[PDB]
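Taking it in order: structure first as structure tokens, then the write-up.
Each value in this text was obtained by applying a stated rule to the coordinates, not by laboratory testing. Note that we place each Cβ from the backbone using ideal geometry, even for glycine, and neighbour counts take in every protein chain shown.
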Amino acid sequence: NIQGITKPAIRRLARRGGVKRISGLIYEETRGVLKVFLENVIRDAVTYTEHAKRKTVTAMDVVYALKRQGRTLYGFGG
Amino acid sequence: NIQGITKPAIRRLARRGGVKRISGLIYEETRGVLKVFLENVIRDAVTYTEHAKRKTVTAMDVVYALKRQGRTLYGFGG
Amino acid sequence: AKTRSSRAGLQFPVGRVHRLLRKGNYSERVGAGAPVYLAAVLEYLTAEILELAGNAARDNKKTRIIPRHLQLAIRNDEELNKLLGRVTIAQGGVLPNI
Amino acid sequence: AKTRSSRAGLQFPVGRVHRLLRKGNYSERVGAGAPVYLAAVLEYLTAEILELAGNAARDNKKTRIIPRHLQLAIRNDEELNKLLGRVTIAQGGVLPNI
Amino acid sequence: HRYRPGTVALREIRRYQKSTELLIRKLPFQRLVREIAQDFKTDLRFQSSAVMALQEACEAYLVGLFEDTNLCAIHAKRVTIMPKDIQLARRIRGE
Amino acid sequence: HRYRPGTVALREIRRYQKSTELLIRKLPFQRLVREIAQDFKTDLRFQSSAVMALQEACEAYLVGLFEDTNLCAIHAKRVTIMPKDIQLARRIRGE
Amino acid sequence: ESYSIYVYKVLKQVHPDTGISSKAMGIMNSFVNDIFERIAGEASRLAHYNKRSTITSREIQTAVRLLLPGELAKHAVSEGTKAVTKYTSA
Amino acid sequence: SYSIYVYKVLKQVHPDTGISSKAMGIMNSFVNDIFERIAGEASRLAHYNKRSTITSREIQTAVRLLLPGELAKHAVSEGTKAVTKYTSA
DNA sequence: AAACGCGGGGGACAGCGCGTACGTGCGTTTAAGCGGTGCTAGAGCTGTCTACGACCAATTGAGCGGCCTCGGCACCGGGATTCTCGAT
DNA sequence: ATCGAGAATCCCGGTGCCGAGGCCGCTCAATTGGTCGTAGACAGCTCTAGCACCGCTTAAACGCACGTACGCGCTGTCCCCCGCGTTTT
């Protein structure tokens, strides 16, 4: 499923970041970085879900997880 | 008083940081960086002192200021 | 009945802010002036962002503020950018910078 | 009189931890097991650091733990280093790294 | 007509820095989120907004990282980003 | 006998990375702290431990910054730290 | 409950002909809640540090000075002080 | 302060090892810091779930969120063992 | 700590061989859209009883001194470990 | 890359001395029973509703293949600057 993050998608993210030229080894590196980030946030979000005795991860669970990792997100109920 | 932070002192700090070679323009740059850092911490520490209606900045005031700037210090009462 | 907001000349709710302070596990007691002061500060900050966001909307020939306009207002102001440094505005995008 | 610490088989003070939770503006009520659980966790973490710091002291031919030994124990352990990432140990120094 | 290498790249920068839309395809991203969450808890459901919140945060994080990675490349007198630039940015950031 | 440039520098690294003592002279640092605080409030007194706490934090901060500055220099294929390295480290750190 | 009504009231004062999208309203609601937490949490710490059981306008003012940067703090303090003065004279 | 308890624990893990006053101050700061982190997270969890009581469940969840890797695994074991022993007096 | 005397690794800049990634176009998935359903899980409602708190007496663990003896700081011996400078 | 003399760091060490936490004594305060009152956490229980699923269509983006221009990493050379040491504050 990590391959679903295609080279064109990674290129678009780099373009928004102001990147003009990209090495061929960046795509695999980016996939690894994104996986680590997602794992960290999802782990905490699921912890909140289990504490609420819920079977559904809510947007609030994600917002709380981001907040505690110092990546506060505005627009999803906090 | 900023000149009291001598070149040898800055060199010692760089040596602890694992630096082998230092450009001559680093000393003035370091003095500027240290001044900004100190101003930020002292400003908050004095704010705590004024709130306590005290005329003496305590180690606790400094510890609180460091804690709120994300630089928690252990060894001075918290 | 005269609302505490109208007594303080504010649009923000002093009564609600008081309840949120009392039930937010901040302290045992809350002074009468604390909610008034807090409500005024929240109102001032909202006015500042909204004024700057409305200007950005007008510059984009728009009559409604969208997240993009809020992001433009916050990132183009050194103080607002510092206050909201570790904050992500959903659908806000980035500043054009090459 | 039997202390709650002795009932839980702990060296850390359950009664003091309970009071600190009740007077720390964390919640309206505190369960009976919460201080016991918290005290055990604090005790476990202290034991871990002290054991690793005592080993560092013995490696330095010392019989007393100093801040240097604590810094060595924390920075040489990936998990303790992560837990105390934004923490400065006074008179702890740095890891020899060139 | 053939645009010189770099011209279309700069045109894409201008276009994506002006837009606010999500740049990762939604369905593949959703599959990744569900696959990662399976290792923490089985039979997990997800609010549509939960997946959207995750996507917004991840894209913001990666764009921010690409900005710092670019600065590292320019610092090494290069215009091309390489894994060593990503590694330095993350190390300095504390990641 | 003359040690080659770099030999004594590496010897100093080994010595200071093994020690934990403060490297800034105490009296000059105290004067700087008092001079900076004067702009916030006049007739300010300072506990001896308050000045010591400030010194410990400042030295830790500068040593940490010099570590990241060094990585930036090595990244640009240099062994000498320059202001551009300090600037990059602080920018990436968010300072 | 949300701050939507109050954000709209303030918007109509600073920009009478300007509206706001639901997404932008959600951002504003998140912003108010975030700043509230920051100020109240700092005020709570100040009270505890000084062994006080009451959060008063003094604690809020000090929290504002510690959190809001530069002129943001200067103007926010003016607004808060003016509001308390007007309220005490009803 | 937690000095007496830190010394008791030290004598259990290292009977012949002492500790300096400076090192004791670091340990006191450490305990206070971790206490605040756990209690503050437990407070948030209770508020998020509209609960008025911080129980051992809130502490356990806070420990999982704050302590990294095996630190959390062992801390949870210690806390659970203590609660079980306490409930059987 | 500050200022002066050499000085040679060191940084900075010009050449260039070459991988290497940007641009473009064709075919293939495969994601987006739309429609319909299911049911399992989230949300509101009601009884209750167990786990929470309130007041309070005490006596015992815990904090404030207190004297001291052992380990840490120091001082010259001297020992072997590092670094410089010729030659295979 | 290896091998010796010649100096020049640190690390080990026996000796001496002194500061400071550790066991001890004292004090006071607060932790723990103890009983009673009460309040929200459990347990259904009931409803509903929100996305897993499917199925089909559709069309826009992803791979791949190729062409080809362009930065990368040495490689070498110029000059020049922090260092090491020495001498004097």
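Enumerate the amide H contacts of H:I54 below 5 Å, restricted to partners 5 or more residues apart or on another chain; note that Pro and chain-start residues carry no placed amide H.
Amide H neighbours of H:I54, under 5 Å, 5+ apart: D:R29, D:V30, D:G31.
Let me check I have the definition right: for chain D, take the eigenvalues of the Cα gyration tensor, multiply each by 5, take square roots. What are those semi-axes in whole Å, largest first?
32, 17, 10
Can you run phi through the Karplus equation (6.51, -1.76, 1.60; θ = phi - 60°) for the stretch H:41-50 and list ³J(HN,Hα) in whole Hz, with x for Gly and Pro?
Going residue by residue, I get 5, 4, 4, 4, 3, 4, 4, 4, 9, 6 Hz, with x marking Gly and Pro.
What whole-number distance in Å separates the alpha-carbon centres of the stretch D:12-78 and the stretch E:56-95?
Here the two parts' Cα centres lie 37 Å apart.
Distances from C:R22 to the same position in the other copies: list them in nm, one decimal, shortest first, using label points 7 Å from Cα along Cα→Cβ.
2.4
Largest first, please: the extent of the C-alpha atoms of the protein assembly as shown along each principal axis, to the nearest Å.
Computed over the Cα atoms, the extents are 75, 73, 62 Å.
Which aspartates and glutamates, if any, have their Cα less than 19 Å from the Cα of F:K84, not counting same-chain residues under 8 positions apart?
By straight Cα distance, F:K84 reaches B:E28, B:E29, E:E67, E:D68, E:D85, F:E67, F:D68, F:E95.
Would you mind checking the radius of gyration and Dmax of chain E based on alpha-carbon positions, in Å?
Considering chain E through its Cα atoms, Rg and Dmax are 17.2, 55 Å.
Please identify the trypsin sites (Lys or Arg not before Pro) of the stretch H:13-51 that satisfy two criteria: DSSP loop assignment and at most 10 other Cβ atoms within 10 Å. Which are they?
In loop regions of the stretch H:13-51 (DSSP not H, G, I, E or B), the sparsely surrounded trypsin sites (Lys or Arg not before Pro) are H:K50.
Name the long-range amide H neighbours of B:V57: under 5 Å, sequence gap of 5 or more, or other chain; modelled H, no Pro or chain starts.
F:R45, F:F46, F:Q47
Excluding residues on the same chain fewer than 8 positions from D:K62, give the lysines whose Cα lies under 26 Å from its Cα.
Of all the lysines, those that pass the test against D:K62 - Cα under 26 Å, at least 8 places apart if same chain - are F:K18, H:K8, H:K11, H:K22.
With label points built 7 Å along Cα→Cβ from the Cα atoms of D:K23 and E:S49, find their separation and express it in nm.
It is 4.1 nm.
Add -39500 (n - 2.57) for each DSSP H run of 4 or more in the protein assembly as shown, then divide by its residues: what number comes out at 222 nm, to the nearest 500 deg cm²/dmol?
-21000 deg cm²/dmol
If the label point is 7 Å along Cα→Cβ of D:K82, which residues in the stretch E:75-95 have backbone nitrogen under 13 Å from it?
E:95
Using the Kirkwood formula over every pair of different C-alpha atoms, what hydrodynamic radius in Å results for chain A?
Taking the inverse mean of 1/r over all distinct Cα pairs, chain A comes out at 14.3 Å.
List the residues, sorted by chain then number, that are 5 or more residues from H:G18 or on another chain and whose placed amide H is less than 5 Å from its amide H.
D:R64, D:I65
Considering only chain F, pick the residue with its Cβ nearest the axis of the rotation onto chain E, and state the distance in whole Å.
Nearest to the symmetry axis by Cβ: F:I92, 2.
What is the average number of partner chain Cβ atoms found within 10 Å of a Cβ in A:26-35?
Mean shielding by partner chains, rounded to a whole number: 5.
For the stretch D:65-98, list residues with backbone N below 16 Å from a point placed 7 Å from the Cα of F:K26 toward its Cβ?
Residues D:91 qualify, since their backbone N sits under 16 Å from the label point.
Which of the peptides C:60-70, C:1-11, G:60-70 is most tightly packed, and how do the rest follow, going by the mean number of other Cβ atoms within 10 Å of each residue?
Order by mean packing, descending: G:60-70, C:60-70, C:1-11.
Could you size up the charge dipole of chain H around its Cα centre, putting +1 on the beta carbon of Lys and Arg and -1 on that of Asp and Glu, and report it in debye to the nearest 20?
260
Using the alpha-carbon centroid of each, what span in Å lies between the stretch B:7-24 and the stretch A:40-78?
Centre-to-centre distance over Cα atoms comes out at 44 Å.
Assuming 0.36 nm per residue, please report the length gained on full extension of the stretch G:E1 to G:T54 beyond their Cα-Cα distance.
Additional length available on full extension: 16.5 nm.
Take the alpha-carbon centre of the stretch H:41-82, take the same for the stretch F:1-36, and report the distance between them in whole Å.
Computed from Cα coordinates, the inter-centre distance equals 44 Å.
For B:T56 and B:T6, FRET efficiency with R0 = 30 Å and r from the beta-carbon atoms, rounded to 0.05?
After rounding to 0.05, the efficiency reads 0.55.
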